[PDB]
Amino acid sequence: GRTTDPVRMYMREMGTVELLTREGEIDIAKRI
Amino acid sequence: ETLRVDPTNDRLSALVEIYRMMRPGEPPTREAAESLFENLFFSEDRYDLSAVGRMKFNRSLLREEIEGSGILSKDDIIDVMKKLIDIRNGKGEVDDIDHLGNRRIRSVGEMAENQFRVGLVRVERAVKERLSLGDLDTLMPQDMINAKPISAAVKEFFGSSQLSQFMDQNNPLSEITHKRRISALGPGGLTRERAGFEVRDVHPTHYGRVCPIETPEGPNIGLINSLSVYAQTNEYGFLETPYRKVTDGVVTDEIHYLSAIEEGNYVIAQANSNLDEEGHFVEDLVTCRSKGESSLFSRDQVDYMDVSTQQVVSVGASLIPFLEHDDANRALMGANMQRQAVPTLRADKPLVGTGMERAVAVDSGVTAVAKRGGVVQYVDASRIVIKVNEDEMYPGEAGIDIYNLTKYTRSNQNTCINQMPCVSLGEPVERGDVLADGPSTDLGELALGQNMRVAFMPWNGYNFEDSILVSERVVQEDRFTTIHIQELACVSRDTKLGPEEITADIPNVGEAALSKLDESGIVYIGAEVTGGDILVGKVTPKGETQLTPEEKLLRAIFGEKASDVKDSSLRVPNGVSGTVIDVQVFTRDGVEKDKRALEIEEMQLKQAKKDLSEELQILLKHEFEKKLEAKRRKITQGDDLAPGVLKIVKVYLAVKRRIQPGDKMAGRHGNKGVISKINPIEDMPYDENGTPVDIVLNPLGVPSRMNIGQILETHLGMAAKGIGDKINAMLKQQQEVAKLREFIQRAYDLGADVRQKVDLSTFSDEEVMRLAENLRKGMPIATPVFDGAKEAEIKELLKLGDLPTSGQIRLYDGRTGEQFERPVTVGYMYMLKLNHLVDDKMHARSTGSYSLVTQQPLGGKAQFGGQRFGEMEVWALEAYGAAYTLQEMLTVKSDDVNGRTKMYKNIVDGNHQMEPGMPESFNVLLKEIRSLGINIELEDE
Amino acid sequence: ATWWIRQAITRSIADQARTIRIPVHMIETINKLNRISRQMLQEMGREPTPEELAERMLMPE
Amino acid sequence: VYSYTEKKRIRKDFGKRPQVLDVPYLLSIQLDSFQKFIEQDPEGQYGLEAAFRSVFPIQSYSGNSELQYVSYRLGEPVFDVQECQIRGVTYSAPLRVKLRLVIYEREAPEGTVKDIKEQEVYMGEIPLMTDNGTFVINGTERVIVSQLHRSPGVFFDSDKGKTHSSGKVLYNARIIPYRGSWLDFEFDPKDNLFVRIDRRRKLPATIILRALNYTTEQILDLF
């Protein structure tokens, strides 16, 4: 439904992204 | 229809629905919803019905298994739903929440266990977290467990919780009635703000388990009920009361404790039901109570009978003679008051009691009861030594018992606790006998107050509404005088400017003020101090005074030096005037002990050695020397004080408040009263023999509030004192042992068939003499609560003495000597001095300290603050035309910072005028609204 | 990243967790004292006195 | 028969009903409770033993390292009652618990253990109770008053018609556990069965049944 708890909103906005895959961080560092 | 309205279709849909309900905003997911649901009710870690919970659950559903699991089950939930549906349509009764079969009792042990378990789980979290990375030999089960959480939980519960309060210690009765107190408040109960009337109300199941009348009147009435005399607690925690099993028609002597739910199943006879010496009821029809109501039943219909006529009331309410003659409101007030009687200098006795005094006095650990019978070997004001009888002697021991009496020490209410031996040298004492009388106790009898010769008549309006007129003879005998030991602590901390000192050199005080202090700056023992005298001389360093001009000039003129230390000595509170009976000095380990601290320490050591040495002399040596070294270390080890504090000095003052107008006195029948005048003896009404009446009480106070108990008590006490006076007269002339024996024996018979039998034939001549000597002050009488003495018995006892049976004599006015018409009722009533001394309540303030945020005076008599001129008082002033009075009340006298100094100055030079100004509280309000986003200002500045 | 995140979180706790702020070195000293007092509480049985910590720790007392 | 302290001054006694049961020890309510709490029994029924058995057996999640409780004892109080009152301290006894840290060999579901470390550890001080049912916490004599609370179980407490017009009675049920969340069932004026979890919105009653792995057919079979 709806909520006012800021931590809940942060958990919602952040949990959308998949965690990661190994060699993904190396590729991202390569892009940087 | 619920299925029709049910939006869910599948288990997962329902799980996510309950997840959304429980945790809105969090996107539901399969694992999260399943885990939440399983943990709500079906995981032993986060859900548990105690054995009592399971028992009540199964019983409510009519199951036949009294045990089970602490977690719910599908069968349980569906059965609950089925029974709800049944009660909706079929035959089902809403459970009575106030039923004492539905309310459990939580005691100290259970609550402590729960809090300890909370600490255990919150340290279990940490121990699991640490075990998350297991190790082989780098860890021990001493690093993984922290004591701080468990200690914090236990200390928080025991010290700071609603259900652990300072012990009411101004009485044995108060102590005992506080110990057995039932409260519905606290963590897990109701609240006084939103409790509701239904719970506060008394219930038919309270019979024999909770007193109906002992309860504090006020915000929490019906929530602080007190346990009944005979009430017990089940294994589960439901109050149960005793009953004597009734067979076909015989009242057996076996006792069965019946819970509230078990009471309804049977019909129970009343305690006031006659028996024909064989257990058979004299009357075929008897009064009983089956289910809430009462009615008449045949003799062969009852299953149980009340154990005694006392079991309905609590201990406090069972000490009121003729309770059945008092309206419930007045009995409630009388109990709540006699809880507050202060122990007097000499506790005399209740001349009219209910026989429960011995039980209350002995049960409360205020007296020293012999643990083993024997012969008293050595008595002393401070200790008793018993030569145990060889029968009770254990083989490998010396049959010697030493009781160390508690001398004058402070109670929680600043009253005096002091034990006096009540046995003489060489007397035999059996197990359970009282050796020393505690505060407000007499030979093992509870004695809350004194029995005073009272008379019922107006006497010139000096007892107008409830005021009491007291004779000077009452004050002269010091029979309402009390002792009020109290503590005063002086603490020397370590300030930034330097450590504080307790030196005797105090500036700005003459030699006389410092006469009482010794060289070390602390008062002597036994010094008689007065309000304002210095007890402990303390000075705090100071500097950078920033002296104003026209004061630097004065110092230069008179060549004096501004001291770098300001006086902060502990002075006796104003008004208080007593003698210093004890001084204690606590010194921080690193600090160097002063002269007085060493002198006290040596006295403690010699006392400790003397006590231990006396122990061994009267009576093993190995433990003596081991104990002596242990005691010696404890005395000089150094105290663990708060941080910063260097040394604490405590002074004990022993005040003696005698009596005065404004002191509240009260009887046991809810009859309050405030002493108004202390009359000279010659002015009190007196009888034909010239004996004045000690107190004069208004009779108009009786009929309005239906407490005839006081009148009946007055008559019975008059009869008792008549018997006592007869014995005293027969003793003043050495009549005989035989005459005294005959008269005393006749006194103990007194007509009606009373269960008590006293045969003086078995009393030795010496014993009879002691008995009579103990009765010459009046014959103590017991009047059980609801089986008291009938008025005819009172008249008969009055007739035993030569007193008139009407209970009323003819008095003469001491002022004029003219007989009062309409003979008045005189007798002996038990008066108590309640702990509402006017000395503790008088308070006045011209000016003093002012609150911090709001520049207003402070609270009552502890900060020396002023009275609260509340909103309703402002309305009262507004209703009058008093505008200037109101203005000065709320602007100059209270808040205007510039206003009050100018008003003080103006008064000092006799110019009664004010410059009102603006109260500071309004300025605070303006700055506070402006601290929001609101722009509030004053127009036309 | 764990090193840096723990560093940031704990420094924030040290810097803005108290109304009367106390410096990081003093917070470290307080934490060390608390840890050693806790250890001595169990290794001893009742409590460590401030002098007793002058031995387990190496401070002037 | 009269005790000597009663032979000195016998109180004349009116009242006719014979005393069959004498007044019991008036402080039993507190002494018995704390005695159960403090004394250790060879069962989990009461007290610290019950608490330890309930919570103390430790398992390391996904680690299989266990810490278990053997027994406990109460050390001698440091200070006496009068000494505690004078100095000002809680009259407490140290709580020494005998713990055993057992380490399981990796890949040992059978229960094969590597080593056991049995040590006795101090766990705070629990205040003791004076002979007269009193605790002294900071030199001041304190008393813990017994509490009267709703017993755990099920209660049906239909309102008295105070909610909706016509004075229609709405029946409800409530499961009160010693620990855990409340489970309430209530009716609405439209005559429907609703579940409420504590401090939570109303939901249709059948939701809980569906959460219990129940289908519509068997639900109607039960009801």
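Residues numbered from 1 in each chain as written, not as in the entry; some residues may be left out. Chains lettered and ligands numbered in written order. Part of a larger assembly, values for the part shown. Heavy atoms only, no water. Residues with missing side-chain atoms left out of burial classes, pairs and counts.

- Deposited coordinates in this entry are attributed by the record to cryo-EM, at a stated resolution of 3.4 Å.

### Thoughts on the packing of aromatic side chains
So, step 1. For the coordinates displayed, the defined rule picks out 15 aromatic pairs over all chains.
So, step 2. Summarising the aromatic geometry, the rings of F41(B) and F42(B) are spaced 6.1 Å apart at their centres and angled 85° between planes, so their arrangement reads as edge-to-face.
So, step 3. Ring centres of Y266(B) and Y304(B) lie 5.1 Å apart, and the angle between their planes is 75°; on these two criteria the pair is classed as edge-to-face. Of this pair, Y266(B) sits in the loop between helix 10 (260–265) and strand 7 (268–269) while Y304(B) sits in strand 10 (residues 304–306); the two residues are 38 residues apart in sequence, bridging distant segments of the chain.
So, step 4. Each member of the aromatic cluster is reached from another via a ring pair, and the members are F116(B), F52(D), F56(D), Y69(D) and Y72(D).
So, step 5. In this structure, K677(B) is placed above the aromatic ring of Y462(B), and the distance from its NZ or CZ to the ring centre is 5.8 Å. (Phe/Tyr/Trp six-rings, centres within 6.5 Å; stacked < 30°, edge-to-face > 60°. Helix = DSSP H or I, 4+ residues; strand = E, 2+ residues; numbered from the N terminus. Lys NZ or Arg CZ within 6 Å of the ring centre and 35° of its normal.)

### Side note on the interface of chain B and chain C
So, step 1. Taken residue by residue, the interface counts five residues in chain B and four residues in chain C.
So, step 2. Buried surface at the junction of chain B and chain C, summed over both partners, amounts to about 500 Å²; 33% is from carbon and sulfur atoms.
So, step 3. The three residues of chain B that bury the most area against chain C are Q142(B), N146(B) and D589(B), which together make up 66% of that side's buried surface.
So, step 4. Summed over the shared surface of chain B and chain C, the result is zero salt bridges.
So, step 5. Linking chain B to chain C there are one residue pair in polar contact.
So, step 6. A breakdown of the residues in the side of chain B that touches chain C according to their chemical character gives two nonpolar, two polar and one charged. (Contact = heavy atoms within 4.5 Å. Buried area = accessible area lost by both parts, 1.4 Å probe. Salt bridge = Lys/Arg side-chain N within 4 Å of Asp/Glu carboxyl O. Polar contact = N/O pair within 3.5 Å; in protein donor to acceptor, adjacent residues only side chain to side chain. Nonpolar A, V, L, I, M, F, W, Y, C, P; charged D, E, K, R; others polar.)

### Brief notes about the arrangement of the chains
So, step 1. Most contacts, when the four pairs of chains in contact are compared, are made between chains B and D.
So, step 2. There is a gap between chain A and chain C: no contact, and a shortest C-alpha distance of 12 Å.
So, step 3. For chain A and chain D, which are not in contact, the least C-alpha distance works out to 12 Å.

### Looking at the interface of chain B and chain D
So, step 1. Across the contact, 179 residues belong to chain B and 125 residues belong to chain D.
So, step 2. Both faces considered, chain B and chain D share a buried interface measuring about 14,600 Å² in area, 64% of it formed by carbon and sulfur atoms.
So, step 3. Across the contact surface, chain B and chain D share eleven salt bridges.
So, step 4. Between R87(D) and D639(B) there is a salt bridge; the shortest N-O distance is 3.2 Å.

### Let's talk about the pairing of strand 13 (residues 374–380) of chain B
Residue and element names in this part refer to chain B.
So, step 1. Note: strand 13 against strand 14 (residues 383–388), six bridges, orientation antiparallel. Paired with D380 across the strands is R383, a residue of strand 14.
So, step 2. Pairing analysis gives two bridges linking strand 13 to strand 19 (residues 428–429), with the strands arranged antiparallel. Residue pairing in the sheet places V375 in a bridge with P428 of strand 19. (Pairing = 2+ DSSP bridges.)

### Side note on the sheet that holds strand 10 (residues 172–176) of chain D
Pairing between the strands of a sheet comes from backbone hydrogen bonds, and it takes one of two forms, parallel or antiparallel.
So, step 1. If you trace the five strands from one edge of the open sheet to the other, you get 9-10-11-12-13 (chain D), paired in antiparallel fashion. In this open sheet, the two edge strands, each paired with only one partner strand, are strand 9 (153–156) and strand 13 (202–204) of chain D. Taking the axes of each pair of neighbouring strands and ignoring which way they run, one obtains an average angle of 25° across the sheet.
So, step 2. Packing against the sheet, helix 5 (residues 74–89) of chain B makes contact with strand 9, strand 10, strand 11 (183–187) and strand 12 (193–197) of chain D, and its axis sits at approximately 30° to strand 11 of chain D. (Axes fitted to C-alpha atoms, helices over the stretch in contact; angles between N-to-C directions.)

### Observations concerning the pattern of salt bridges
Note that side chains of opposite charge can pair when their charged atoms are close.
So, step 1. Counting across every chain of the model gives 66 salt bridges over all chains.
So, step 2. Measuring nitrogen to oxygen at the nearest pair gives 2.4 Å for the salt bridge that ties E793(B) to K16(D). Highlighted residues: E793(B) in helix 21 (residues 791–800) and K16(D) in the loop between strand 1 (12–13) and helix 2 (28–38), drawn from two different chains.
So, step 3. A relative accessible area of 7% means that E793(B) is categorised as buried.
So, step 4. Exposure remark for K16(D): the relative accessible area of 22% places this residue in the partly exposed category. (Buried < 20%, exposed > 50% of the residue type's maximum accessible area, 1.4 Å probe, protein only.)

### Notes on a negative patch on the surface
So, step 1. There is a patch of like negative charges on the surface, built from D589(B), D640(B), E47(C), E51(C) and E61(C).
So, step 2. Mapped onto the secondary structure, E47(C) falls in the loop between helix 2 (24–44) and helix 3 (50–56).
So, step 3. The exposure class assigned to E47(C) is partly exposed, which follows from its relative accessible area of 37%. (Patch = residues over 30% accessible without salt bridge, like charges linked within 9 Å, V, L, I, M, F, W, Y side chains within 5 Å. Areas by Shrake-Rupley, 256 points an atom, 1.4 Å probe, with all protein chains shown as cover. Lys, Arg positive; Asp, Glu negative; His and termini not counted. Charge placed at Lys NZ, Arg CZ, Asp CG, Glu CD.)

### With respect to the pairing of strand 1 (residues 103–106) of chain B
So, step 1. Burial along strand 1 of chain B is two-sided: the face carrying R103(B) and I105(B) and the face carrying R104(B) and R106(B) are both buried.
So, step 2. As paired elements, strand 1 of chain B and strand 8 (residues 146–150) of chain D share four bridges and run antiparallel to each other. Residue pairing across strands places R106(B) opposite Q147(D), the latter belonging to strand 8 of chain D.

### Concerning empty space enclosed by the protein
Residues and elements named next belong to chain B.
So, step 1. The space that makes up the largest cavity amounts to roughly 130 Å³.
So, step 2. As for the largest cavity, its lining consists of 14 residues, of which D466, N671, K672, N698 and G701 are closest to the centre.
So, step 3. In terms of residue class, the lining of the largest cavity is built from four nonpolar, six polar and four charged.
So, step 4. Empty space within the second largest cavity amounts to approximately 60 Å³.
So, step 5. Broken down by class, the residue content of the lining of the second largest cavity amounts to six nonpolar, one polar and two charged. (1 Å grid on protein atoms, 1.4 Å probe; cavity = no way out; pocket = protein on both sides within 12 Å on 5 of 7 lines; lining within 4 Å. Points joined across faces, edges and corners; volume = space filled by probe spheres on them.)

### Some details on unusual backbone geometry
For residues besides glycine, phi is generally negative; the peptide bonds are generally trans as well.
Residues and elements named next belong to chain B.
So, step 1. Of note in this structure, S440 is not a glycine but carries a positive phi near 55°.
So, step 2. Positive phi, close to 55°, is recorded for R822, a residue that is not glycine.
So, step 3. Summarising the element assignment, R822 is placed in the loop between strand 39 (808–809) and strand 40 (824–833).
So, step 4. According to the relative accessible area criterion, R822 is exposed, its value standing at 69%.

### So, the sheet that holds strand 19 of chain B
So, step 1. Reading across from one edge, 15-14-13-19 (chain B) is the order of the four strands in this open sheet, with antiparallel pairing throughout. With one partner strand each, in any of the chains shown, strand 15 (400–404) and strand 19 of chain B form the two edges of the open sheet.

### Comments concerning a nonpolar patch on the surface
So, step 1. Residues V7(A), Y10(A), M11(A) and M14(A) make up a contiguous nonpolar surface patch of about 420 Å² in total accessible area.
So, step 2. Tracing the backbone shows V7(A) in helix 1 (residues 6–14).

### Some remarks on a positive patch on the surface
So, step 1. On the surface, a cluster of positive charge is contributed by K148(B), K155(B), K32(C), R35(C) and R38(C).
So, step 2. Of all the secondary-structure elements, those providing two or more residues to the positive patch are helix 7 (147–159) of chain B together with helix 2 of chain C.
So, step 3. Of note, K148(B) is situated in helix 7.

### Considerations on the side chain of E66(D)
Residues and elements named next belong to chain D.
So, step 1. Looking at the secondary structure, you find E66 in strand 3 (residues 65–74).
So, step 2. One buried charged side chain, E66, makes no salt bridge at all; its nearest oppositely charged neighbour is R100, positioned 7.8 Å away.
So, step 3. Here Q68 takes part through its side chain, which lies 3.4 Å from a polar atom of the side chain of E66.
So, step 4. What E66 contacts, discounting residues up to four positions off in sequence, is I58, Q59, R100, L101, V102 and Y104.

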